[PDB]
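Below is one structure, written out as C-alpha cells; the observations come after it.
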Amino acid sequence: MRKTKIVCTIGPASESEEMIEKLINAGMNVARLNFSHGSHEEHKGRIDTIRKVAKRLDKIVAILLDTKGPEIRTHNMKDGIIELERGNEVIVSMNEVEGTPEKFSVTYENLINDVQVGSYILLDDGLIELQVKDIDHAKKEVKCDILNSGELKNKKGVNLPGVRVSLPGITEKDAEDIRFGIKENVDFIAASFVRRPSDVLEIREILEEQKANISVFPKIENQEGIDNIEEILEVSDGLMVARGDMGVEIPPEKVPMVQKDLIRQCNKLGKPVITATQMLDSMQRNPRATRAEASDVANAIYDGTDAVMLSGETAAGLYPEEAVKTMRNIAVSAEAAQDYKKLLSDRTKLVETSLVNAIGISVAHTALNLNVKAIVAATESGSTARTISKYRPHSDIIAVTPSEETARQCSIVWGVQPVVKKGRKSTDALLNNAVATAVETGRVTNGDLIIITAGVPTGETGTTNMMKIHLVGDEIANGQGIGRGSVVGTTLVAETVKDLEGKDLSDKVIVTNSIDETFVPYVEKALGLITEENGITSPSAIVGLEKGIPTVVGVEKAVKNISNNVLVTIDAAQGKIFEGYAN
Amino acid sequence: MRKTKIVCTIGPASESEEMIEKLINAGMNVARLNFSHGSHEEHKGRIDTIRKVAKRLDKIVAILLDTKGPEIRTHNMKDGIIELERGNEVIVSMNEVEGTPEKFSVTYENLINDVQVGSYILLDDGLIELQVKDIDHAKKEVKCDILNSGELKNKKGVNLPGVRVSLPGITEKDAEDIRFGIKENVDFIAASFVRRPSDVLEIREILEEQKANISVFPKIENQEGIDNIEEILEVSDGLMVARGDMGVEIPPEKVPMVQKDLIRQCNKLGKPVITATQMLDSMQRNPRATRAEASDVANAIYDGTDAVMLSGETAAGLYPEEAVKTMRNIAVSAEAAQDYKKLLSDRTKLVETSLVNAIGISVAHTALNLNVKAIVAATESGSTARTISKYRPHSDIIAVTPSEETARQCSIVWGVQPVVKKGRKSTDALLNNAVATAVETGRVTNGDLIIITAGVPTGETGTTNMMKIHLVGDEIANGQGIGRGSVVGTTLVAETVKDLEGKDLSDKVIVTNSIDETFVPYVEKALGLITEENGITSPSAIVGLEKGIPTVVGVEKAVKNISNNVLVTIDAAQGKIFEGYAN
Amino acid sequence: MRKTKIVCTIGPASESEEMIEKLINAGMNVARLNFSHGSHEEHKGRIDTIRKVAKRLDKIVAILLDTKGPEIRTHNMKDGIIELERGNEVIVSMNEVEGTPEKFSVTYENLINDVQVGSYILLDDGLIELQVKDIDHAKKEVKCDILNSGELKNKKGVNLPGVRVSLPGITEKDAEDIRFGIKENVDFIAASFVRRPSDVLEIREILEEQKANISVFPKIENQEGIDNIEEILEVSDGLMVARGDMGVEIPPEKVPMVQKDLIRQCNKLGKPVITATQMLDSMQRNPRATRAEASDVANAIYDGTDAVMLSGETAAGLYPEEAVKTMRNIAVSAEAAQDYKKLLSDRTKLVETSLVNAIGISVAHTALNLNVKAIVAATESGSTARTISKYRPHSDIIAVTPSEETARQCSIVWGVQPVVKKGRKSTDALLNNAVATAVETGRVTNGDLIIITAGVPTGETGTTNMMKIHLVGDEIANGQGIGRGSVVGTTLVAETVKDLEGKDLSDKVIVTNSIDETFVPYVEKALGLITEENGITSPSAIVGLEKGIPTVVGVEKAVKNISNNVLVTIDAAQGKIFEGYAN
Ligand SMILES: C/C(=N\NC(=O)c1cc(Br)ccc1O)c1nc2ccccc2[nH]1
C-alpha cells in the first residue's frame, strides 16, 4: 500500500541535510538533479548529502540526472529588449546579428533547412508565434509573418513544431554531464529532446564504454518523439513525459491524449514511465494544491504511470515538504479507489502473451484470486520486479536483490518496495530467504499468503520463470483431518460434557479427548472439532463428517497443548491447525 | 462523430445575436441562464435572442435555467471590512449584529442547530476557516477558534461541511424563478444545493401544478448530496456536477473520485450528467486553454459525462467563441482516441439487465459488430434515445421525434443528434420515415447499414422494444445467386473472350452473357461474376461455385444494363447486386 | 418443450390409417418412404393415408422420399450359394459370369478403374472382405486375396472404401422416383450415396425444371462424402447421417467422431440434420429399447441433431407405436437435462457472425436472459425459422407461415412448431397476428414474454432482420408510477385503517384512497401500494418512495375497480398494474 513512486527535484530550497530527510520521510523515492542549471560542484554536493541522509535513514533512494539537451536560442537583442507588431514581418537570420523588429538571429544555423514555407516558429516558449513566408537561402534568411505580438529578450528559446528538428542527440556539455554521472554511480539519466532512437543510443554508447549500467529515460517533447515512441522504447529503459515542454510544440488540447497513449505504450513493454512537469506548481507559493492539480496528478496515476515528478515545488519552492506530503496523499487516495480486477484484466489484454511474460500473468491472477498479502520477486537485474509490476496487482511487490544498485533502479518501478539481501545461489536458498525477507519487512505475518517468484537457476536466468505459493508458517498442532473444509474460530477446550453446557454460542472450535453419546448433541452446535486421539471411523470422526463440521482427529495431547479461548484456523484437508487466521 | 454535448452560460459577452450565432456555430447545444444574478427582464431578452437565432440557423438548442438556491451569508460588517487573527476566537451570532473580530452574524439563524462542537465553518468560499469551540444556546452564539487568518467583507458566504444543512429545498425567489421558466417553456432546471430527494420534489410539484414537462437536474454540492446520490436520481431527470461549489465543502484531494463516481452512477441509470465549473477558466483572459484544463475536460469525457459546461468563459469572458471552439476540439480529440469495445463491455456490466434495457444491449452490440453507420431512435418522450445512448455505441444516434420540445431535451444526452419529423402512427410508417430521415441528415448514404429502434406500437410505448437492421437501399440489378459470399470490385462488361484478354488484373467483376470453354480460363483470375441468363447448373454457375468466386446468374440484360468500370458489390446469398460498397 | 424432431419409416406394420394416427399422436413429425423397395402404387397409397390422417388430426407432418441410389452388386452365383476360403484367391470379373470360389462378377463394370493394388473390396455389407492383389485390364479381372471367409448369395452388394466410387449421382430409377415425388408435392428428398456436389445438383436440376421446391437432404455414406461435407451442404437444404450404411465403408471405431463432426458442420450453416439408422433396432422384436440404444439416441441429440429417424422399428417391426413413444421420451429426457446457456454460448462461437445472422444472435440472448416463453418467427420460406433455430434457445420457436408447404419443411427443423396463418402484408399486421397466433397455440398466456421476429418488409425479405419484445397484454389498471421497481403480490383493498389491522402478513399490495398518518405504519409492512388519486408529492407517493415500496398513485377508482385478494403485478416504471404474474 503505497504503489506510485515520487521523483523530486533538488535545489536551493531542498539542498540541506535537514530538508532531504524531511523529503525522504515525506515519501521521496528518487532525487532528480537538473543539469539544465548549476555547476558540477553544486550537484556533487547534493549527491553526497542525499546518499548519506539516505543511508542514515536506511532507505533506498535513486538519483536521476536530467540532461539539458540540445536547443535553439535567439542571439542577443539590440537594447536587450525588442518588440514585434501583430501583422508585420520579421526576418530570422542564420548569420548572427543584433536584434531588431526586422532582422533577428538564432543559434541553430541549420534552422533554414528544417522549415518550409508555412511552417510555424515559436519564440520564447511560444510567447509569440511567427510563420515562414518566403525562404531565400541566397541571403540565408527566413521571412516570417509575425502572427501574435509581444516582446523579445536576449538569449530566449525557439521551437519548430515537427518538423524533424535536426539537432544532435546530445550537447558536448551533455557528454561532459553524463560522464560526471558515470563517475558518481548515478542511477538514471533523463535525456532531453529525444526524438529518434539514434538520440538514445548516443548516450548508451557512452555508457557501454564505461560498462556503466545506468538506466536511460528519454524525455519526448515533440511530434517526432511521439511518432517514434515504439522505436525509442525498444532502445530505452524507461520514459519521462514532460507535459510543459511538450505543450510548447503541440496544442494543449491534444497533450492529454498523447500522455495517456505514451504511458499506455510504456505499460505495454513493462518500461517504467514518469509523468513530469506542471504537477503541483501552485505549491511553490501555497501550502496546499488546487483541485485542478490534484485531479491532474490523480489522472496520471489512472493513466497507468509508474512515477510522478515534482520540479520547482521541491527545488525552489517555499513549501518543499508539503508538496511531497501532498503528492503521496493524492497518490494513496487515487489508488485506494481503483479496481484491480479491471486493472489486471486490462493489462492481461494489453501486454503481449509470451514465454517471457507467462509468469507475470499467472502470478497476477493467483495474487488477486487468493488475496495474497505480498509477492516477493527475487532479481539480480530488476527484470522480474518489472515483469510482475506491469500486470499491476493489489499485492505489494517486494524486490529482494543482491545488487544495491539494481535496488535503486527498482525504487522507480510501480508498486515495488526493494530490499537488499545477500546472494543465495541455490533455489532452496532463494525461496527460504524470500519468505524470511518478507516477514522481516513487517508487511507479512503468520496468517498471510505469499507468492515467491524469480528466474531460476539464478545463473542462466534471463527471464522470470517460476512461482511458489507459500503460507507464512507454521501449524501449531496437527493430525488426521476429517472432511475437507476449514473455519476460523475461537477454541474451547472441554474436559467434561458439562465443561460446555450452559455457556455455549456457536462460533467456537471444541477440543476434547474423544466423543461420547453425551458429546454429540453439543458438537453439532459448534464450528469445528479437534479431538485428541482416534481413527477415521472413530465416534469423533463420524460425527464431524456427518454434521459437515471440519474436524481433525489424532491430535497429540490436544487437550493440554492447544490453548483455550485463543482464536484458531483448522484445515480439514491437510489435517493441520493454525495459530490465528490462515487460508 | 461529435458525441459529448456542450452547455454555455449566457451573459454580457454573449447576449448579442451576433455572438449567439457564433456560439451555436462553435457547437453550443444548451444555453444556460444563471439566475444567481440578473433580472427576469434580462433573461427573457436572452431567451428571445436564443430561440430566434437558434431557429434561423435551423438548429436545436435547449435552454437551461440554473436556480440560485438557498444559502447562508454573513450580515454586514463594521466599516465594511474586518480582520481575524490566526489563533484567536470569533463568536458567530444567530442574532444580527454589526461585524467585528469577536461578534459576527449569519442569515441562517438556524445554523446553531446543525453544527456541534468541533464542526468546521468556512467563511467566504473557504477563504478563512473557523471551528466550533463551545455552543451556548442561552445567548444563541457559537464560540469558534479562528484557524486560518484573513479578511472578511460584508454579505459573504458561509459553508458547513456536512452537517445536514437544514435550509429548505428552494428560496421563495427560486419559486418565482422556476415559474418564470414554466412561462417560457424552458427545457431544463438546474436546482442548486440539492441534498435530499425532498429538495427535488419541491420543484417537481410546482411543475406538476402547471403540467410543465421540464427536466430537473440537481447540482450536488456537499456530502449529504453525495451520500444521497442514488435516492436523488430516482427522483430526477439528470444531474449536474459542480466541482467548484463542491470543492469548498469537501477536500479537493477527494473531489475527482466523487466526480468519477457520480458520473458513473448517472450512467448506470441512463440519466444525463453535466460536468460543470472550473473547466476552461483561463479562457476568460486568454485565447487558448492550458494543458491542465484540457486534461481536466478530457477526463470528464472519459469518466462518462453526457455534457460539459462553460461559465464565465462564455458569459463574461474576453473569448467566448474561442472557448466553445476549443471545448468541442478537446471533446472530439478525447472521443477520437477511445475504445468503444471496452466502453460497451463496460456499460453492459454496469447498467442493469432488464426487459426495459434489453434492446439497448442488443442494438449496441449489433452496431459495434456490424459497423452500423447510424442508429435511428424513434421517440415521443426521449426515453428510447436515452436507452440507446447509455450503452455508448460508436454509431451516431439520430433521435427522430414529433415533439419539438422532447428534441431539445435530447440535445443534452450523449451522442444523440435529434431531428423533428411529424408523427407516424403505424410501425411501417415509422420504419420508413426513419430510413428517410436518416438519409436526409446526410450522415448515411447508400452503402451504409442502419439500426432503426423504437417502442411500438407508438401508443402503448412505455419502453423501447424493437429493432430492425436495414441496408440503406437498393440493389441495382439482381438474379439467381450462386455461392454464399460477396466482394466489392469494379465491373468489366465483356461481349467477347478477347474483350478481356491482354488487359486484366484481378480485382474486377466480369459481366458476360454466358460462359464458354473460352471464358473459363479468365473467370478464375477474377473477383466476381454476373452472367446474363442461365440456371443453377449452367456453365456460368458451375464455374463460379467450383472456383469459389461469388456469382449471380439469371440477371436481366446484365450486359446492357449494369455499367462498365463502375464499382459494385455482389451478394451471392440474396442474389442481389449493389451500387457501390454494401454489407 | 419437445424440440428434437422424429422421422418414421412407413411400411407393412404402419400403413394402416389406424396406426398412422397412433404414430402422429406418438409424436411423428415426418413420414419417410423408402424407395429402395416397394412400387409407386404402394407409396401413393401411403401418401394418401398420411395426408388424410394428418389433416383429420389437424397436424403438420412432412413426407420424405428416400431414393435407392446407385449401387454395386454381385451378379448371380452358381447354385445360388458359394463359399470363400480364408487364405485363398478370388478373381472379380468385370464381364458377367456365373459365381465360383474363383471367378465372380459385379454389375459396376467400371470397378477395375477405381481400385488399385491393395484396395479393399467388401462383399455383402462387409460380411467377407477381399483385397486387390494384381490388376490386369487385359482380361479385365481383379485378382484378390480373400481375407475373411464366409458364404456369398446371388445379387448381394459390394463396397469400395474410398476410393472415389465413380457411379453416377442418380439411377434412371432415381429419376423416375423423384419425378413421382414432384407429382405428389412431397416435402423432402433424401438422396443416397451422395459424395460430390454434382450428385446433389443432378436432383436439383430435375426440381428446377418443374420449379418443384422440395428440400434435398444428401445421405453421406463414404469417405468421399465425409471429405466433401462443406461443399455438399453449400448446395443442399439439409443432411442425413446414415450410420449403418457409413459403418460398412469406414471403421465403426471412427463413425461417432464423424457423426459428431457432420452434425456440427450442419449446425454451423443452419441446415437441418437427421441422424439415421441403428437407432432403436431392438424394438423390432421387443417392446422396450436397450440402455445402449437409449444412450445412442440421446447422444445424437447432444451432438446437436435436428431430427432422429426410425427405420424397421416403425416400418416392419412388431412395435411401431412403442418405438415412437419411446423415441420421444428419450428426446424429452435428454433435452430436459441440458444447459441452454452453454448451448447458446457454443453456437454463438460456432456459427458465423454476419448481417444475415445478426438477429438470430440477439434473439437467442434476449430469450435466454429475459426468460421469454416463446419466439414467434414469421416466415414465407422458413429461413427465419431456421436462423432462430440454429442458435438453440430454450424458448419454443413458433413458425407462423402463409405457406402450407414451407410449414411442413419447418416440421423437421429443431425446436420449431409451425402453424399456418394467412398472409399479412404490412409489418403492423404481422406483429399483431404473431401475438394472436402465439396466444391461440395455448403455449403463451397473459403474463408471458414473447419475441416476434421476421424479415421485413415481407416483400424484399431475404434475411431475417427485426425483433420486437412483447409482453402478452394487457394492464388491468394504471396510473402515476412512483419508484422504478416491481413486485408480484396478492391484493388487499382497504377502506379503513382498521380494514388491515389485526390481519396482516407482508406479501400483499394494499389498495386505499389516500394515505393518512394512520396508514403510514402499515404501508411499510407491505409489498406494494396502489392509491386512488394523488400527485407525485402526495402523502401516498412520498411514503412509497421513502420506504422503497413500488407504488402507483392516480389510479382511477382503484378501490372499486381492482379486486380484493386476487394476485397482481405492479410495474412502478410504466405506472402499469397487471392481472397475474408479469415481467
Ligand atoms: C452479443 C450480441 N447481442 N447480444 C444481445 O443482443 C444481448 C441481449 C441481452 Br438482454 C443480453 C445480452 C446480450 O448479449 C450480438 N448481437 C450481434 C449482432 C450482429 C453481430 C454480432 C452480434 N453480437
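Lettering and numbering for the C-alpha cells are positional, with chains as A, B, ... in the shown order, residues counted from 1 in each chain, and ligands counted from 1 in the shown order.
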
Checklist entry - If we count only C-alpha atoms, which residues of chain C reach to within 8 Å of chain B? Please list them as an MDAnalysis selection string. => result chainID C and resid 201 205 234 354:355 358 362 366 370 426:428 462:463 465:470 483:484 535:537 574 583

Could you give me, as a PDB file with C-alpha atoms, in the first residue's frame, the residues within 10 Å of residue 40 of chain B, counting only C-alpha atoms and dropping anything in the same chain fewer than 3 positions from it?
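The file below, out24.pdb, is the result:
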ATOM      1  CA  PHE B  35     -30.485  33.090 -12.034  1.00  0.00           C
ATOM      2  CA  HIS B  37     -27.708  37.040 -10.962  1.00  0.00           C
ATOM      3  CA  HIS B  43     -33.179  36.702 -19.073  1.00  0.00           C
ATOM      4  CA  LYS B  44     -36.332  36.982 -21.159  1.00  0.00           C
ATOM      5  CA  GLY B  45     -34.268  39.133 -23.529  1.00  0.00           C
ATOM      6  CA  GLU B 176     -40.639  32.880  -8.558  1.00  0.00           C
ATOM      7  CA  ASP B 177     -37.706  31.938 -10.813  1.00  0.00           C
ATOM      8  CA  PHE B 180     -40.863  32.243 -14.960  1.00  0.00           C
ATOM      9  CA  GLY B 181     -39.219  29.181 -16.512  1.00  0.00           C
TER      10      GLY B 181
END

Checklist entry - Where in segment 377-539 of chain C does DSSP assign alpha helix (DSSP H), given as a ChimeraX atom specification? => result /C:383-390,405-408,427-440,520-523,539

Contacts of residue 150 of chain B at 8 Å (only C-alpha atoms; same-chain gap of 5+ positions) as a short mmCIF file (atom, residue, chain, number, x, y, z; two decimals) with N, CA and C atoms, in the first residue's frame:
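part-v1.cif, written as the output of this step:
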data_model
loop_
_atom_site.label_atom_id
_atom_site.label_comp_id
_atom_site.auth_asym_id
_atom_site.auth_seq_id
_atom_site.Cartn_x
_atom_site.Cartn_y
_atom_site.Cartn_z
N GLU B 83 -11.08 41.93 10.11
CA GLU B 83 -9.93 41.01 10.11
C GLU B 83 -10.02 39.98 11.24
N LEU B 84 -9.38 38.82 11.05
CA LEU B 84 -9.43 37.74 12.04
C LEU B 84 -8.07 37.08 12.28
N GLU B 85 -7.56 37.22 13.50
CA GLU B 85 -6.24 36.68 13.89
C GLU B 85 -6.24 35.15 13.85
N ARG B 86 -5.07 34.56 13.60
CA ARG B 86 -4.95 33.14 13.24
C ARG B 86 -4.98 32.15 14.41
N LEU B 127 -12.28 30.96 2.39
CA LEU B 127 -11.12 31.86 2.47
C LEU B 127 -10.44 31.73 3.83
N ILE B 128 -11.25 31.72 4.89
CA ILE B 128 -10.77 31.54 6.26
C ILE B 128 -11.70 30.57 6.96
#

Next on the checklist: Can you tell me, as a PyMOL selection string, which residues in segment 133-362 of chain A count as strand (DSSP E or B) by DSSP?
Outcome noted: chain A and resi 133-136+141-145+150-152+157-159+188-191+215-218+239-242+273-276+307-310

Just to be explicit: take each residue in the selection above, keep C-alpha atoms, and write the result as a PDB file, in the first residue's frame.
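Written file, again_1.pdb:
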ATOM      1  CA  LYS A 133       6.568  33.458 -45.534  1.00  0.00           C
ATOM      2  CA  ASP A 134       9.419  33.029 -48.076  1.00  0.00           C
ATOM      3  CA  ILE A 135      12.791  31.272 -47.793  1.00  0.00           C
ATOM      4  CA  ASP A 136      15.825  32.584 -49.676  1.00  0.00           C
ATOM      5  CA  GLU A 141      17.177  34.311 -44.221  1.00  0.00           C
ATOM      6  CA  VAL A 142      13.611  33.288 -43.430  1.00  0.00           C
ATOM      7  CA  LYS A 143      10.961  35.977 -43.976  1.00  0.00           C
ATOM      8  CA  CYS A 144       8.157  35.486 -41.444  1.00  0.00           C
ATOM      9  CA  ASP A 145       4.698  36.932 -40.761  1.00  0.00           C
ATOM     10  CA  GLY A 150       4.789  40.763 -27.912  1.00  0.00           C
ATOM     11  CA  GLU A 151       8.285  41.427 -26.640  1.00  0.00           C
ATOM     12  CA  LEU A 152      11.557  39.523 -27.030  1.00  0.00           C
ATOM     13  CA  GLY A 157      14.324  29.882 -26.863  1.00  0.00           C
ATOM     14  CA  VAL A 158      12.920  28.853 -30.242  1.00  0.00           C
ATOM     15  CA  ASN A 159      10.743  25.814 -31.194  1.00  0.00           C
ATOM     16  CA  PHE A 188      19.041   7.283 -14.037  1.00  0.00           C
ATOM     17  CA  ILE A 189      19.741   9.570 -16.997  1.00  0.00           C
ATOM     18  CA  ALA A 190      16.733  11.540 -18.269  1.00  0.00           C
ATOM     19  CA  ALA A 191      17.768  12.538 -21.816  1.00  0.00           C
ATOM     20  CA  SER A 215      19.037   3.408 -16.971  1.00  0.00           C
ATOM     21  CA  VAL A 216      18.271   5.859 -19.816  1.00  0.00           C
ATOM     22  CA  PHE A 217      14.825   7.576 -19.793  1.00  0.00           C
ATOM     23  CA  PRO A 218      14.138   9.729 -22.881  1.00  0.00           C
ATOM     24  CA  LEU A 239      10.385   7.134 -20.258  1.00  0.00           C
ATOM     25  CA  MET A 240       9.631  10.630 -18.959  1.00  0.00           C
ATOM     26  CA  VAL A 241       6.602  12.568 -20.189  1.00  0.00           C
ATOM     27  CA  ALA A 242       7.315  16.288 -19.894  1.00  0.00           C
ATOM     28  CA  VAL A 273       7.239   5.893 -17.018  1.00  0.00           C
ATOM     29  CA  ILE A 274       7.455   9.166 -15.137  1.00  0.00           C
ATOM     30  CA  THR A 275       4.830  11.855 -15.591  1.00  0.00           C
ATOM     31  CA  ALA A 276       6.586  15.222 -15.256  1.00  0.00           C
ATOM     32  CA  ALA A 307       6.102   7.556 -11.084  1.00  0.00           C
ATOM     33  CA  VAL A 308       5.160  11.206 -10.571  1.00  0.00           C
ATOM     34  CA  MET A 309       7.657  14.117 -10.621  1.00  0.00           C
ATOM     35  CA  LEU A 310       7.995  17.408  -8.754  1.00  0.00           C
TER      36      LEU A 310
END

Next on the checklist: Need the shell around residue 286 of chain C: protein/DNA/RNA residues with any atom at most 8 Å away, counting only C-alpha atoms. Skip same-chain ones fewer than 3 positions apart. Format as a list in words?
Outcome noted: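 My reading of the contact set: residues 282, 283, 289, 318 and 319 of chain C.
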
Put those residues in a file: C-alpha atoms, as a PDB file, in the first residue's frame.
ATOM      1  CA  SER C 282     -34.162 -53.842 -30.759  1.00  0.00           C
ATOM      2  CA  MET C 283     -37.763 -52.555 -30.746  1.00  0.00           C
ATOM      3  CA  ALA C 289     -35.270 -50.315 -26.081  1.00  0.00           C
ATOM      4  CA  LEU C 318     -43.799 -55.697 -34.104  1.00  0.00           C
ATOM      5  CA  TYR C 319     -43.921 -52.474 -32.004  1.00  0.00           C
TER       6      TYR C 319
END

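Close contacts of residue 304 of chain B, defined as residues with an atom at most 8 Å away when counting only C-alpha atoms, with chain neighbours fewer than 3 positions off set aside, comprise residues 263, 264, 267, 300 and 301 of chain B.
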
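Closest approach to residue 347 of chain A among A:521, A:126, A:360, A:502: A:360, based on only C-alpha atoms.
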
Item to check | Counting only C-alpha atoms, the option among A:582, A:129, A:550, A:519 closest to residue 371 of chain A | outcome: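 Among the listed residues, A:582 lies closest to residue 371 of chain A.
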
Item to check | Who sits within 12 Å of residue 394 of chain B, only C-alpha atoms, same chain under 3 positions skipped, as a PyMOL selection string | outcome: chain B and resi 1-3+335-344+363-375+388-391+397+414-416
